[PDB]
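# Structural overview
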Amino acid sequence: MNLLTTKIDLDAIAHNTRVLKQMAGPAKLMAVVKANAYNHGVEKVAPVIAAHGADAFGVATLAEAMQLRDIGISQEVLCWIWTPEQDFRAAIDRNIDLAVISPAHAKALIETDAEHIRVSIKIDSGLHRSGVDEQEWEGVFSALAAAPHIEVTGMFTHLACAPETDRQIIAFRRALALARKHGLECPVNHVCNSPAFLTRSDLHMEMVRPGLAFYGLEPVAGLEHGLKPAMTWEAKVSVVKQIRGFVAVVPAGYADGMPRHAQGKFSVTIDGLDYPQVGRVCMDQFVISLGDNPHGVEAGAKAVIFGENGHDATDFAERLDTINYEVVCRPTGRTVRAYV
Amino acid sequence: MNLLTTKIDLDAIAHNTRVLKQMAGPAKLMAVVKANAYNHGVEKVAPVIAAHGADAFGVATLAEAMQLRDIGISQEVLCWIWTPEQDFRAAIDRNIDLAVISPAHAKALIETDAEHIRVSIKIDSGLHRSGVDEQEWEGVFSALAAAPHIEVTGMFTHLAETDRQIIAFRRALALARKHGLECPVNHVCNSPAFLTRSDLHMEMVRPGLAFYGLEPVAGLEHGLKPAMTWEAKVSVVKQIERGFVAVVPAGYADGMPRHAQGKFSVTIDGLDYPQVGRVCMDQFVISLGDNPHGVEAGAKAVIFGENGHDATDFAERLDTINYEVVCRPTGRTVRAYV
Ligand SMILES: *Cc1c(COP(=O)(O)O)cnc(C)c1O
Ligand SMILES: *Cc1c(COP(=O)(O)O)cnc(C)c1O
């Protein structure tokens, strides 16, 4: 028996997958499962998402993409954070699509002697982060077009989460036209992350790549989509102490993902009732006040930090002055992952 | 090659152990290696510490305790965060000391059908968290003393006042002995109290932080050597103006909090470059100005540690403590030993 765990509801994930598949329509559905499926356990999550419609998967690193192939994912897989200094050839060998994020990346790929290399051009559409920018488009498209063994499956841009969006699309379309003018068909393109996907059907293109929504969380406040949250972070009270007040100790500290800054900003839920966190969050635990403990909370009681039978990830996120993306990624350390 | 890693200096840890072993004198040295040895990798760290003098090891959970036995640690082991509902019996069968942190824990142990159970009494000396409080002294000591299959090896408490907690701890110790509990080996010193209160060493000291080379009291040195370095390789350098920015392969899913925005910089070739903009899930951006030093993709960016700001400095910049920063590197971060 574990005192600290995250409950991962796989059925909720399948549901979310079905809801996203219906919403995508004719567009392909790429499931973004980087960061170990947003901390939900990609080894279990990805197969469920695959079994319910996902046309492809998107991850950040070479290692994550390779892990997907390891568990048996046979769908198209895209990786966008790697450098020519790494063994990217190992990914190519595993049928992993690689994003061209800079001229140097394009160069390393063209100079790679492999039969057929699938690549997707990451376009810097204005954020000035990663990706090939306007001044480099000409050279890169020309170089990739001249490479026999390279197949440019398309291009994509990451609508940084923002007006801003439409300005990015204009630049992206300028790049796509320039690419095709160079002989690059760019058959499958995508720009939609969860927020854009759930609000801009005009930007579906040939493929959409939402991440957050698969885990049942809403990207924009005020919007309903019938999603089912999949993660619940909960601990079992280790000790109930009487000071006629009482406090309870819950076996979770900053070493487990509970920020020290969360002090005095939230409550956990025991049997559906809230109890405010009090005092300093320590390395292995934090304390909550039971008041006169009228409901008779005892050691062993289940305390929901966020999730089922408690406050959802979004509420907890706002209490912590952050976003739900970060809260689901927080549970770590002694926290054990349990499915459904 | 990995774009994001923690470099763990095992020789530094051996060094820190020797230092702490010296300062401990006749007092037993129990190294705290809970939380995977403060995120330094207990499977490699604990053996080094044991090989250099540690008399015992302290961890929080049964699983962490069992993990020490699994790696072959033969020293005394104490575990202080568990409940009667867990299979603590399996831990007793592997010679793992259990802390009595409430009357119910004492009850469970007393009712456990085992021949010899080594226990340490966790004393609530005023903090009012876990541990047995003064109102419970009597009942617990008297019950444990009447159970011959249990060996009360001693008692301990945790410092937040300090002297105040000590006064209380002493009272409990006296009552326990009055009840027939000898309490041969007691302890209260964590890293800060150990380095400054030689009068509180007692029979055993319980340092954690110091073994990893970090100083608890920002004021003076003790000759420790920091053991961890968190660093990344620039993935791309982009022109934004004639200014440039560089993308660093680490986000809040890897341990870099979104709140860290505008609070820090990374060190590249000994010089600092400010993080700017929003911290995303997989990466953050730094400002290079006109990039006078020609930083290129592939460059080594030290977040904290060797060739960068030490953990304490980084912790202050992010409004936290060094204990938390060494626990932060996670996600795609790959641990490497040097
Ligand atoms: C994280 C990420 C996504 C997923 O975004 P959500 O907002 O979670 O839908 C999509 N594309 C890229 C390039 C990403 O890094
Ligand atoms: C974490 C812990 C320690 C170690 O403390 P440092 O401040 O790192 O030396 C000692 N005792 C207990 C009970 C602990 O939980």
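Residues numbered from 1 in each chain as written, not as in the entry; some residues may be left out. Chains lettered and ligands numbered in written order. Heavy atoms only, no water.

Close to ligand 2 lie 14 residues, the nearest being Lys34, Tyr38, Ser191, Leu209 and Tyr323 of chain B. Each of chains A and B places residues next to ligand 2. Separating an oxygen atom of ligand 2 from a side-chain N or O atom of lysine 34 of chain B is a distance of 2.9 Å. Backbone polar atom of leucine 209 of chain B to an oxygen atom of ligand 2: 2.7 Å apart, as the coordinates give it. In isolation ligand 2 offers 390 Å² of accessible surface; the protein chains occlude 93% of this area. Put simply, the parts of the chain that give the shell around ligand 2 at least two residues each are α2 (34-39) and α9 (191-196) of chain B. Here the shell around ligand 2 is composed, by residue class, of 7 nonpolar, 4 polar and 3 charged. (Near = heavy atom within 4 Å. Polar contact = N/O pair within 3.5 Å; in protein donor to acceptor, adjacent residues only side chain to side chain. Areas by Shrake-Rupley, 256 points an atom, 1.4 Å probe, with all protein chains shown as cover. Helix = DSSP H or I, 4+ residues; strand = E, 2+ residues; numbered from the N terminus. Nonpolar A, V, L, I, M, F, W, Y, C, P; charged D, E, K, R; others polar.)

Moving on: the nonpolar core. Most often, soluble globular proteins have nonpolar side chains that are buried together. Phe57 and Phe141 of chain A together with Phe57 of chain B are the most contacted members of the largest nonpolar core, which totals 249 residues. Those residues within four positions of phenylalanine 141 of chain A in sequence are excluded, and the remaining contacts are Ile121, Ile123, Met155, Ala175, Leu178, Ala179, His182 and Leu184 of chain A. (Core = buried A, V, L, I, M, F, W, Y, C linked by side-chain atoms within 4.5 Å. Buried < 20%, exposed > 50% of the residue type's maximum accessible area, 1.4 Å probe, protein only. Contact = heavy atoms within 4.5 Å.)

Next up on the list: the UniProt feature "binding site: substrate" in chain A. Residues and elements named next belong to chain A. Sites flagged by UniProt as "binding site: substrate" map to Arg129 and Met283. Relative to the helices and strands, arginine 129 is located in the loop between β6 (117-122) and α7 (134-146). Given a relative accessible area of 17%, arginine 129 falls into the buried group. With respect to the secondary-structure elements, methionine 283 resides in the loop between β13 (273-278) and β14 (286-291). Among the residues examined, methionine 283 registers a relative accessible area of 4% and is labelled buried. (UniProt positions renumbered as here; feature names shortened; annotations may be inferred.)

Below, the discussion takes up the domain arrangement of chain B. Residues and elements named next belong to chain B. As assigned here, chain B comprises domain 1 (1-9 + 227-338) and domain 2 (10-211). Here the C-alpha centroids of domain 1 and domain 2 sit 37 Å apart. Contacts between the two partners involve 13 residues from domain 1, matched on the other side by 12 residues from domain 2. Taken as a group, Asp9, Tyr323 and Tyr337 account for 44% of the area that domain 1 buries against domain 2, more than any other trio of residues on that side. At the surface where domain 1 touches domain 2, the tally comes to 0 salt bridges. Of the residues forming the side of domain 1 that touches domain 2, the biggest block, 4 residues, is contributed by helix α11 (residues 322-327). (Domains from an automatic or database assignment. Buried area = accessible area lost by both parts, 1.4 Å probe. Salt bridge = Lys/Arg side-chain N within 4 Å of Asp/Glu carboxyl O.)

The next point concerns the interface of chain A and chain B. Many authors give the size of an interface as the accessible area that is lost as the parts come together. In this complex, chain A contributes 56 residues to the contact, which on the side of chain B involves 55 residues. Approximately 4400 Å² of surface area, both sides summed, lies buried where chain A meets chain B, with 57% of it carried by carbon and sulfur atoms. At the surface where chain A touches chain B, the tally comes to 6 salt bridges. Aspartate 284 of chain A is the salt-bridge partner of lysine 34 of chain B, the closest N and O atoms lying 3.2 Å from each other. Between chain A and chain B we count 18 residue pairs in polar contact in total. Looking at the side of chain A that touches chain B, the elements with two or more residues in it are α2 (34-38), β3 (56-61), β10 (239-242), β11 (246-250) and α11 (324-329) of chain A.

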